[PDB]
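One structure below.
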Number of protein chains: 2
Amino acid sequence: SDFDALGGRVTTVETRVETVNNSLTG
Amino acid sequence: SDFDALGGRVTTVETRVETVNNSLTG
């Protein structure tokens, strides 16, 4: 249905968590 | 269907990632 945008948001958050972790670890 | 709660959880995670990033950056 319309939860394709939900999947996109989930992917964005998945990448954002890793980005935050990597920047803070650096 | 019942994935409204899943959307709410996704929103909570979206806010939580930013909160963690901001606290740790501070």
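Naming scheme: A, B, ... for chains in displayed order of the structure tokens; residues 1 onward per chain; ligands 1 onward as shown.
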*Residues at most 8 Å from residue 16 of chain A, counting only C-alpha atoms, excluding those fewer than 4 positions away in the same chain, as a PyMOL selection string?*
(chain A and resi 12+20) or (chain B and resi 17)
For this session: Residues of chain A near chain B: apply a cut-off of 9 Å, count only C-alpha atoms, and supply the list as a PyMOL selection string.
Result: chain A and resi 3+6+9-10+13+16-17+20-21+24
- request: Go through chain A and collect every residue that DSSP, computed from the backbone, puts in helix (DSSP H, G or I); the answer should be as a list in words.
  value: residues 4, 5, 6, 7, 8, 9, 10, 11, 12, 13, 14, 15, 16, 17, 18, 19, 20, 21, 22, 23, 24 and 25 of chain A
Writer output for current selection, N, CA, C and O atoms, as an mmCIF file, in the first residue's frame:
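Final file, again_15.cif:
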```cif
data_model
loop_
_atom_site.group_PDB
_atom_site.id
_atom_site.type_symbol
_atom_site.label_atom_id
_atom_site.label_comp_id
_atom_site.auth_asym_id
_atom_site.auth_seq_id
_atom_site.Cartn_x
_atom_site.Cartn_y
_atom_site.Cartn_z
ATOM 1 N N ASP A 4 5.399 2.015 1.513
ATOM 2 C CA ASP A 4 6.684 2.099 0.827
ATOM 3 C C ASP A 4 7.503 3.266 1.364
ATOM 4 O O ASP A 4 8.713 3.138 1.593
ATOM 5 N N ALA A 5 6.855 4.414 1.576
ATOM 6 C CA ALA A 5 7.534 5.537 2.211
ATOM 7 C C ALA A 5 8.027 5.160 3.601
ATOM 8 O O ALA A 5 9.077 5.636 4.046
ATOM 9 N N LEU A 6 7.281 4.305 4.305
ATOM 10 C CA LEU A 6 7.744 3.830 5.603
ATOM 11 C C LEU A 6 9.032 3.030 5.464
ATOM 12 O O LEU A 6 9.951 3.173 6.277
ATOM 13 N N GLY A 7 9.117 2.180 4.440
ATOM 14 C CA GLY A 7 10.355 1.456 4.202
ATOM 15 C C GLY A 7 11.508 2.381 3.867
ATOM 16 O O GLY A 7 12.639 2.171 4.317
ATOM 17 N N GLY A 8 11.241 3.416 3.070
ATOM 18 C CA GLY A 8 12.276 4.398 2.792
ATOM 19 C C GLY A 8 12.758 5.102 4.046
ATOM 20 O O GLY A 8 13.961 5.308 4.234
ATOM 21 N N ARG A 9 11.826 5.478 4.924
ATOM 22 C CA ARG A 9 12.201 6.107 6.187
ATOM 23 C C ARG A 9 13.016 5.155 7.052
ATOM 24 O O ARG A 9 13.973 5.569 7.718
ATOM 25 N N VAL A 10 12.644 3.874 7.065
ATOM 26 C CA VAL A 10 13.400 2.889 7.832
ATOM 27 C C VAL A 10 14.821 2.777 7.297
ATOM 28 O O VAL A 10 15.782 2.698 8.067
ATOM 29 N N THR A 11 14.976 2.758 5.973
ATOM 30 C CA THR A 11 16.317 2.709 5.396
ATOM 31 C C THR A 11 17.119 3.957 5.756
ATOM 32 O O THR A 11 18.311 3.870 6.086
ATOM 33 N N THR A 12 16.482 5.128 5.691
ATOM 34 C CA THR A 12 17.179 6.360 6.044
ATOM 35 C C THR A 12 17.641 6.334 7.494
ATOM 36 O O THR A 12 18.769 6.731 7.796
ATOM 37 N N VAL A 13 16.785 5.868 8.405
ATOM 38 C CA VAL A 13 17.183 5.790 9.809
ATOM 39 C C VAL A 13 18.274 4.746 10.003
ATOM 40 O O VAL A 13 19.174 4.924 10.833
ATOM 41 N N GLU A 14 18.218 3.645 9.250
ATOM 42 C CA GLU A 14 19.255 2.625 9.341
ATOM 43 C C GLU A 14 20.613 3.203 8.972
ATOM 44 O O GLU A 14 21.624 2.916 9.622
ATOM 45 N N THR A 15 20.655 4.014 7.913
ATOM 46 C CA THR A 15 21.913 4.644 7.525
ATOM 47 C C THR A 15 22.311 5.744 8.506
ATOM 48 O O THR A 15 23.501 5.939 8.783
ATOM 49 N N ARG A 16 21.328 6.472 9.040
ATOM 50 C CA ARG A 16 21.616 7.572 9.954
ATOM 51 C C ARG A 16 22.226 7.072 11.255
ATOM 52 O O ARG A 16 23.120 7.718 11.815
ATOM 53 N N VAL A 17 21.744 5.940 11.768
ATOM 54 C CA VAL A 17 22.308 5.391 12.998
ATOM 55 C C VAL A 17 23.786 5.081 12.803
ATOM 56 O O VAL A 17 24.630 5.415 13.645
ATOM 57 N N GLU A 18 24.122 4.443 11.682
ATOM 58 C CA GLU A 18 25.516 4.131 11.400
ATOM 59 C C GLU A 18 26.343 5.398 11.222
ATOM 60 O O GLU A 18 27.484 5.469 11.690
ATOM 61 N N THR A 19 25.794 6.404 10.541
ATOM 62 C CA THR A 19 26.533 7.650 10.364
ATOM 63 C C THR A 19 26.832 8.310 11.705
ATOM 64 O O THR A 19 27.957 8.763 11.948
ATOM 65 N N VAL A 20 25.834 8.372 12.588
ATOM 66 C CA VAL A 20 26.039 8.965 13.906
ATOM 67 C C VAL A 20 27.086 8.179 14.680
ATOM 68 O O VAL A 20 28.003 8.751 15.284
ATOM 69 N N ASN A 21 26.966 6.851 14.670
ATOM 70 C CA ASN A 21 27.916 6.019 15.397
ATOM 71 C C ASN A 21 29.333 6.248 14.895
ATOM 72 O O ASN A 21 30.266 6.404 15.687
ATOM 73 N N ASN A 22 29.511 6.292 13.574
ATOM 74 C CA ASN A 22 30.850 6.441 13.016
ATOM 75 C C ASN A 22 31.429 7.820 13.307
ATOM 76 O O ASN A 22 32.600 7.935 13.685
ATOM 77 N N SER A 23 30.633 8.878 13.143
ATOM 78 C CA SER A 23 31.143 10.214 13.435
ATOM 79 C C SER A 23 31.538 10.346 14.901
ATOM 80 O O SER A 23 32.619 10.865 15.218
ATOM 81 N N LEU A 24 30.683 9.875 15.810
ATOM 82 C CA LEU A 24 30.995 9.995 17.228
ATOM 83 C C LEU A 24 32.178 9.119 17.617
ATOM 84 O O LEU A 24 32.994 9.519 18.451
ATOM 85 N N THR A 25 32.297 7.929 17.027
ATOM 86 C CA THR A 25 33.457 7.090 17.297
ATOM 87 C C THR A 25 34.737 7.752 16.808
ATOM 88 O O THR A 25 35.772 7.680 17.474
#
```
